[PDB]
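To keep things clear, I will list the structure first and then write my remarks on it.
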Ligand SMILES: Nc1ncnc2c1ncn2[C@@H]1O[C@H](COP(=O)(O)OP(=O)(O)OC[C@H]2O[C@H](O)[C@H](O)[C@@H]2O)[C@@H](O)[C@H]1O
């Protein structure tokens, strides 16, 4: 039931939309969160997803960390999607603004290949400081399963869809 997406490649689609609103409407099997290793969902995609779950995502995440410890940069875990999706795949892109290696963005996107269909954001392209077009290119060149990208920012979307991949 994904609607209004622009096709980028065989398997990658993109839309200027809030991932929270897409998730609410579509109720996908998997929504991806752009997480940090502590699953502290403060802002951006994570903060918005968590707010939409009325903090249930954070409560669940705190138990996950208490049991298992921090994720790896480039790593992931599958948790509930609460009222938004069946599952949330929390994926940690590199925090390039804090010196983490941009190469780990490829490792981060590889987690998507474990799921047939995902609704996802551009990892690392916000507060983590990776160039957004680079994140999109890594996504296209790494993910082989079917990924529906929700780009909140209109100006960014318009630039991305007019750029070579
Ligand atoms: N509601 C939204 N829907 C779709 N895209 C969004 C939304 N909000 C932001 N974006 C875009 O989504 C992209 C990613 O922006 P970011 O969410 O910062 O993720 P990161 O991987 O760079 O930083 C991770 C940290 O962000 C959190 O604080 C976490 O808790 C982590 O600490 C950008 O292009 C945004 O414009």
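Numbering (PDB author numbering), first residue to last: 5 to 169. For each residue, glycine too, the CB sits at the ideal point set by N, CA and C.
Counterpart residues of residue i in DSSP-defined beta bridges
i: residue 155; result: 20
i: residue 81; result: 94
i: residue 150; result: 121
Residue j beta carbon less than 8 Å from that of residue i
i: residue 155; j: residue 124; result: no
i: residue 127; j: residue 97; result: yes
i: residue 122; j: residue 93; result: yes
i: residue 13; j: residue 95; result: no
i: residue 49; j: residue 37; result: yes
Reduced DSSP secondary structure (H/G/I, E/B, other) of residue i
i: residue 138; result: helix
i: residue 53; result: helix
i: residue 111; result: helix
i: residue 12; result: coil
i: residue 37; result: strand
i: residue 48; result: helix
i: residue 88; result: coil
i: residue 101; result: helix
i: residue 29; result: helix
i: residue 168; result: coil
i: residue 76; result: coil
Distance cut-off 7 Å: residue i Cβ against heavy atoms of ligand 1
i: residue 69; result: no
i: residue 45; result: yes
i: residue 155; result: yes
i: residue 136; result: yes
i: residue 6; result: no
i: residue 85; result: no
i: residue 39; result: yes
i: residue 50; result: yes
i: residue 24; result: yes
i: residue 56; result: no
i: residue 129; result: yes
i: residue 109; result: no
i: residue 123; result: no
Start and end residues, alpha helix (DSSP H) containing residue i
i: residue 63; result: 60-72
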